[PDB]
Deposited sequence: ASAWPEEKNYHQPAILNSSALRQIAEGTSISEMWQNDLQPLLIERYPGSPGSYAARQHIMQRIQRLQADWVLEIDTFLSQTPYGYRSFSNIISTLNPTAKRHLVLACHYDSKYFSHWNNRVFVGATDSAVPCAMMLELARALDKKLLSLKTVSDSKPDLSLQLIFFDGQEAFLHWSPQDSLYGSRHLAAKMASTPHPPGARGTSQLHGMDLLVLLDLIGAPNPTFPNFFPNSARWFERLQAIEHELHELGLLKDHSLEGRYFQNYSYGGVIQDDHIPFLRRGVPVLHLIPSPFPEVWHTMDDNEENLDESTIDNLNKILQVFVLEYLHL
């Protein structure tokens, strides 16, 4: 039996030199992302709504225009909810579908349901319109390098992350609970006898609640800590080369501390099935968490810009591009 599923345990990154780093920093455009990827997503988009459909089309359209050979799949399913049976649609974008191993970046594109209050609508700017846009900007910014692509890249935009009422084991993580179970029972690579698509998940990098000022991301798991350190190293180098905006080491995003317990998110259904996770959610959460103020006005542009550069470098180094 092949031990390829163990390759992830020994995988090392291909570190970019100073020259390559300035190039990545110059390759991403925060204003471009803002107008073309984020704003169309700042709409009410709870599951089943017109917005959900519009968001899903935007994400697909934005990926299809790229040169990289992206394969888009809409994973639609039914699930019981506090309001009865409903339909959900996860969006999966994969480069090299048969590539045994894949680095996976993810977030949820649905927005928590709230009945209109004082003519205000909840759009979950940091939760998680920004993460969505960041993934799209990354796809755009590294498009040329990704075009050259047994390890590849995959993006997952989960639907139904939010609870329709208040968090509950049965009410929340609809999309991820469904996709995890599905991938866990789908042979991979095609024709495989005893390995699943989950065996193929090298690492799940989940972005959530990003876009607020001064985020502090803690290290959550020992089996992905070496990767958390890479993010620290990248942030440090990008900073020393003066490639970050209004950024200080004292107030850096990736600090030297782990988090005791765990935070409920889309990674749970995967983590509980053995998938290594790098959970990029800040602790504490943005002040605007689940408030009508989690809007565009309260987003920190330079912070998102800095994070884009960091994430993009991490991905290129992980994929040896």
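- Residues 150-157 form the only stretch of the deposited sequence with no C-alpha coordinates in the model.
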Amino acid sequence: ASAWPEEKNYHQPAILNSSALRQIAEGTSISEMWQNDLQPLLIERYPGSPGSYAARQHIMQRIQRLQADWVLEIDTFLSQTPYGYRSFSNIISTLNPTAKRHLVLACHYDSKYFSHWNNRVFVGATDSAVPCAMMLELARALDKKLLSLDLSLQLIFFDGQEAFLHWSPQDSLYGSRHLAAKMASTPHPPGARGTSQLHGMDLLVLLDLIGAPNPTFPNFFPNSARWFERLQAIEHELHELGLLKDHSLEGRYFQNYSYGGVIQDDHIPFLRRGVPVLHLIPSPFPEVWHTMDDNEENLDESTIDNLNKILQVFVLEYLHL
From here on, numbers count along this sequence of modelled residues.
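- As the entry records it, the average C-alpha temperature factor is higher for 159-167, out of 159-167 and 203-211.
- When the mean C-alpha temperature factors of 139-147 and 105-113 are read from the deposited coordinates, 139-147 comes out higher.
- Each of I74, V130, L179, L153 has a CA temperature factor in the record; the biggest one is found at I74.
- The top Cα temperature factor in the record, among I268, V288, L66, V277, falls on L66.
- Annotation for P282: C-alpha temperature factor in the lowest third relative to the rest of the modelled chain, per the entry.
- Annotation for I310: CA B-factor lies in the lowest third of the chain's modelled residues.
- Annotation for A14: CA B-factor lies in the middle third of the chain's modelled residues.
- Among the modelled residues of its chain, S185 has a C-alpha B-factor that falls in the middle third, as given in the PDB entry.
- The PDB entry assigns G124 a C-alpha temperature factor belonging to the lowest third of its chain's modelled residues.
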